[PDB]
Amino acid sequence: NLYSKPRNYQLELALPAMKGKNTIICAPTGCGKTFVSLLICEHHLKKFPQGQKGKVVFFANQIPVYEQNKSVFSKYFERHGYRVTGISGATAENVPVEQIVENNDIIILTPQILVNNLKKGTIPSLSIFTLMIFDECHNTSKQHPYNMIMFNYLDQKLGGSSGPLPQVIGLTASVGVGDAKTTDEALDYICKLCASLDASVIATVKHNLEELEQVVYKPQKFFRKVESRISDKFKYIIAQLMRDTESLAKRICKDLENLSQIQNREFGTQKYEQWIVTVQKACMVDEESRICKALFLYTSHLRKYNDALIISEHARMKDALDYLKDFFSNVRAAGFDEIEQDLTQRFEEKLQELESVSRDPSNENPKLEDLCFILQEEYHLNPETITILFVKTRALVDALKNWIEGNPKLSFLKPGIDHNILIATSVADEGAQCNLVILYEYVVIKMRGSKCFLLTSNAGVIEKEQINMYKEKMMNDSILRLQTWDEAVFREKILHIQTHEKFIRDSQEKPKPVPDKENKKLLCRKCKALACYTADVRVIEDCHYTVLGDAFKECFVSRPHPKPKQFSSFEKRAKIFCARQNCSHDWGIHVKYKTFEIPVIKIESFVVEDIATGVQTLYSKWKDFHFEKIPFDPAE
């Protein structure tokens, strides 16, 4: 409802900024920080005497936030009659930018647009803005675009260049506290964030706290450490089936062990799942396709096994075995070549040991007893509770549902996936009104007597959420403390942190390096075929790398990109790959650039070989590779 009366706490928060102070406004998500910024932005613009005129820039980090604040600000400042506009990576690259800023009063931007136009010098000073609003301002640190912008601000403020400087405003729900393990290190971190934004005030709700607390979702947090089964023989057996089908894949693909860059994979993990993905991706489905289709069968079978171990981990062995029983029922009912019928046979040789390990009652899952008990209590306390349960995987949703309906001690419960249903089970949220929230072994609250239960067997997950709570304490205590300082004392502290930080940036400027200047071969990382030479390579727009000549065009084949994107300098037409029918390693992309159809390469697709010595070096990033970096020439 950002399209229609302030609560008192919005007035309280708006006040310091309305007084001309650089403020970080820190308030919970969804409490109306946006409205608060509409109030501040109205006041600022209307304050100027007739004859004078403000200009406001609002920074947004993601396209959807950009889109929605552009509509909101546009919507709101009609009747006032100010000109409202936006610029993102799409409001490009043929809009005259210093002229858009000129002819508008409220400009909504992604930060990088501004960073580029300061860097290119098209916008010479931040002085054309009278107010700057940073959404999610806690991002103003390290090398983030917000911080680059403030580096430009502070360079003007400290090195004296009048030049009036805009007021600066930041919006967040959480400021602190970085890698801090002490309350004193929390305050240093928070003081550094203010300094980064030249803020002298942190605005929080102090006087209208009790009004705020009525509308804030703050559930009672509970942590419950559970033990898992001591012996899992079901896992041992599947694990051997996974070794069986991994070795069958090595037969068809030697050096499977290097077909993905993911290391130390383990069965029954998310990370194994991702290994499977990268491998299927590194083998798209002429003669190489027949090998990759065979590999697809193996890896899609390992995926099901992998899904099954996870189900067994958190729900019951039955649930895991039934999942596989279904799957293999599909395999014969829609196939069913050599590999497939061999694979399901290897399974069937094992089905019956798995069957009896499954029904073995000493093999029951003790974690489910804990979930069950938590459920009973809540409902013999309030029989009309609405629970949402969060689990790891699509398949676990089904596991837990069958479990619930199958449990005599949950009777009583009516599961769904709004409504004649008490428990919603799901994976991610997208479709507060929930008085019970269970995170069953779920991998907290980034969105009435409500409470959140956290159930896990992992001690480190408990630890992490207790550390997080302790950080939130330190944050809130630090803020309280610094809000008691006289603003002048605080501004003097901030001034010399800025002076100190500026020195570091200016001192620690990375020296321009000596290039090695000699010609090196670029070879394919995967097959090792010679791609090209370093003397054939040219640098486009400082940061991108291309190869000259007709000789190279034969070494790569290209392939259509499903969704082609247009950036600042080029349009990503295609993905490019090695020319051999039996490698197809990802080499980079193909762009339309200044009407040229040229290839763009990533160094991580190649091995750099020294010619005379055959010695090789791997590089992840081009900026680490110090060779003679030759500028691209528009007619060469």
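Numbering starts at 1 and follows the sequence shown.
Inset, instruction - Pick one of none, 1 to 3, 4 to 9 or 10 or more for the number of deposited-sequence residues not modelled between residue 514 and residue 515. - result: Nothing is missing.
Inset, instruction - Please figure out whether residue 431 and residue 432 are truly consecutive in the deposited sequence or have unmodelled residues between them, and give none, 1 to 3, 4 to 9, or 10 or more. - result: 1 to 3 residues are missing.
Legend entry - Stretch exceeding the other in mean C-alpha B-factor - 484-492, 131-139: Comparing averages over the C-alpha atoms only gives 484-492.
Inset, instruction - Check the entry's C-alpha temperature factors for 554-562 and 354-362, then say which stretch has the higher mean. - result: That would be 554-562.
Inset, instruction - Identify, among 333, 532, 276, 173, the residue whose C-alpha carries the highest B-factor in the deposited PDB entry. - result: That would be 333.
Inset, instruction - From the list 118, 445, 539, 191, select the residue with the highest C-alpha B factor recorded in the entry. - result: Each of 118, 445, 539, 191 was compared by C-alpha B-factor; the highest is 445.
Inset, instruction - Consider only the C-alpha atoms of the modelled residues in this chain, order them by B-factor as the entry records it, and name the third containing residue 67: lowest, middle or highest. - result: Within its chain, residue 67 is a lowest-third residue by C-alpha B-factor, going by the deposited values.
Inset, instruction - Sort the modelled residues of this chain by their C-alpha B factor and say whether residue 518 lands in the lowest, middle or highest third. - result: Answer is highest: the recorded C-alpha B-factor places it there.
Inset, instruction - Could you tell me which third, lowest, middle or highest, the C-alpha B-factor of residue 10 occupies within its chain? - result: As the PDB entry reports it, the C-alpha B-factor of residue 10 lands in the lowest third of its chain.
Inset, instruction - Quick one: classify residue 616 as lowest, middle or highest third of the chain based on its Cα B-factor. - result: As the PDB entry reports it, the C-alpha B-factor of residue 616 lands in the highest third of its chain.
Legend entry - residue 112 - which third its CA temperature factor falls in, relative to the rest of the chain: Lowest third.
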